[PDB]
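Coordinates in review
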Amino acid sequence: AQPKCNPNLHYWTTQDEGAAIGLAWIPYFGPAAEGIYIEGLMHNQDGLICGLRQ
């Protein structure tokens, strides 16, 4: 009930969680994506998710 770093693994920490392309370039990698494309948190964060264990 207190994970550590949710979107600070790789698919997000590396790129823009599928925002450095446009999303509408694939047939499912983005539009269909949900926990990779998210779209709404890609702001280079690491405290609201990857702080200590929240």
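Residues numbered from 1 in each chain as written, not as in the entry; some residues may be left out. Heavy atoms only, no water.

With that out of the way, let us pick up the overall build of the protein. Looking only at helices and strands, the protein has 0 helices and 0 strands in total. Taking the principal axes of the C-alpha coordinates as reference, the protein spans close to 35 × 20 × 15 Å. Within the span of the protein, comprising 54 residues, buried residues form 26% of the whole. As displayed, the protein has an accessible area near 3,800 Å², and 54% of this comes from carbon and sulfur atoms. (Helix = DSSP H or I, 4+ residues; strand = E, 2+ residues; numbered from the N terminus. Buried < 20%, exposed > 50% of the residue type's maximum accessible area, 1.4 Å probe, protein only. Areas by Shrake-Rupley, 256 points an atom, 1.4 Å probe, with all protein chains shown as cover.)

Counted by the stated rule, this structure contains 1 disulfide. The disulfide bridge from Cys5 ends at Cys50, spanning 2.0 Å between sulfur atoms. On the sign convention where negative is left-handed, the bridge of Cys5 and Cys50, at about 65° about the S-S bond, is right-handed. Judged by its relative accessible area of 16%, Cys50 is buried. (Disulfide = S-S within 2.5 Å.)

Moving on, we get to unusual backbone geometry. If a residue is not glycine, its phi is most likely negative; likewise, a peptide bond is most likely trans. Although it is not a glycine, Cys5 sits at a positive phi angle of roughly 60°. Here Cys5 falls in the partly exposed class, since its relative accessible area comes to 23%. Phi is positive for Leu23, which is not a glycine, with a value near 80°.

We classify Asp46 as partly exposed; its relative accessible area is 42%. As a C-alpha pair, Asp46 and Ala20 span 26 residues in sequence and 18 Å in three-dimensional space. If we ignore the near neighbours within four places in the chain, the residues touching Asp46 are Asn8 and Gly51. (Contact = heavy atoms within 4.5 Å.)

Turning our eyes to something else, we now look at the packing of aromatic side chains. All told, the structure shown has 2 aromatic pairs when counted by the stated rule. Ring centres of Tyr11 and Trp12 lie 6.3 Å apart, and the angle between their planes is 85°; on these two criteria the pair is classed as edge-to-face. For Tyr11, a relative accessible area of 37% corresponds to the partly exposed category. A ring pair is formed by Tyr28 and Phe29, whose centres lie 4.1 Å apart and whose planes are at 25°; its orientation type is stacked. (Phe/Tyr/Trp six-rings, centres within 6.5 Å; stacked < 30°, edge-to-face > 60°.)

Fair warning: the whole summary comes from geometry, so function is off the table for now.
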